[PDB]
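Participant: with the input below, show me the fold.
(one chain, ligands or ions: 1)
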Amino acid sequence: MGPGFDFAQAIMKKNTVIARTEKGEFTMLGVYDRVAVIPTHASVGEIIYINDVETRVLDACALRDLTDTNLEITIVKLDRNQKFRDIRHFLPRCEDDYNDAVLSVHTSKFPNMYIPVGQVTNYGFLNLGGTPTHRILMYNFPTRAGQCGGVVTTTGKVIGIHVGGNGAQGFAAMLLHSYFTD
Ligand SMILES: CNc1ccccc1S(C)(=O)=O
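Facilitator: Numbers count the residues shown, from 1 in each chain. Sure, structure below:
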């Protein structure tokens, strides 16, 4: 409807796949080459389904900060025959707050879904499903089940992936450029 939705759509149409694990269907953001991200609670194993195609997982790393605290991001390298468009230049370098974000989801259940979530706070610490978690972004939107892995963007930046909510607020794990240096 506006330039926020324009940038979100541009990311969704080229840099997302539908990922299916034994824990459900997730929006999955492809970042560069065959490297993608997904919430760690997706529990990626040796095989994952990508757009309903059986795909070998070449590597999967559940990220933690240097305090050894959960970040709720898993970086997956996929045995896919095609590279993602490289979007690492849209990732923030530092932890920050943002104005006017969009949460975008694409699954069987929620195709072509875009939500204007408004202001995004650097929330920091969250007890997420009982697990201490750092680098959390918060937005005042009542997100539900089905949105995990959704991409959080501003104009020009990809800032996070949706990992949970409390019925009133939604929570995203930060994406930082430093996670994807090769
Ligand atoms: C994904 N949530 C959803 C889905 C269908 C209808 C309404 C909603 S909402 C975000 O407005 O509570």
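Participant: from here on, just use CA atoms for contacts and neighbour counts.
Facilitator: Noted.
Participant: hang on, residue 152 packs against residue 163?
Facilitator: No: with contact defined as CA atoms under 8 Å, residue 152 and residue 163 do not form a contacting pair (10.8 Å).
Participant: compare neighbour counts for these two and give me the winner.
Facilitator: residue 152 (27 against 24; other CA atoms under 10 Å).
Participant: give the closest residue to that one in space, chain neighbours not counted.
Facilitator: residue 103 (4.5 Å; CA to CA, 6 or more residues apart in numbering).
Participant: Provide a list of residues in contact with residue 25.
Facilitator: 18, 19, 107, 108, 146 (CA atoms under 8 Å, 6 or more residues apart in numbering).
Participant: just say helix, strand or coil for it.
Facilitator: strand (DSSP: H, G, I helix; E, B strand; the rest coil).
Participant: so what sits against both of residue 152 and residue 163?
Facilitator: Shared contacts of residue 152 and residue 163 (CA under 8 Å, 6+ apart): residue 172.
Participant: next one: the one residue sitting closest to the centre of the chain from residue 18, what distance?
Facilitator: Nearest to the geometric centre of the chain sits residue 161, at 2.5 Å (CA atoms, centre = their mean). In this view, residue 161 and residue 18 are 14 Å apart by CA to CA, to the nearest Å.
Participant: what does residue 29 give?
Facilitator: Distance from residue 29 to residue 18, by CA to CA: 9 Å.
Participant: and the strand or helix carrying residue 104, what does it pack against?
Facilitator: Assigned by DSSP states H and E, residue 104 belongs to strand 98-105. Of the remaining helices and strands, those touching strand 98-105 by 3 or more CA pairs under 8 Å, 6 or more residues apart in numbering; DSSP states H and E are helix 3-15, strand 113-128, strand 151-154.
Participant: strand partners (parallel or antiparallel) of the shortest one?
Facilitator: On the basis of DSSP bridges, the sheet neighbours of strand 151-154 come out as strand 98-105 (antiparallel), strand 157-165 (antiparallel).
Participant: now do the buried residues in the helix or strand hosting residue 38.
Facilitator: Using DSSP H and E, residue 38 sits within strand 35-39. By neighbour count on 16 or more other CA atoms under 10 Å, the buried set for strand 35-39 is 35, 36, 37, 38, 39.
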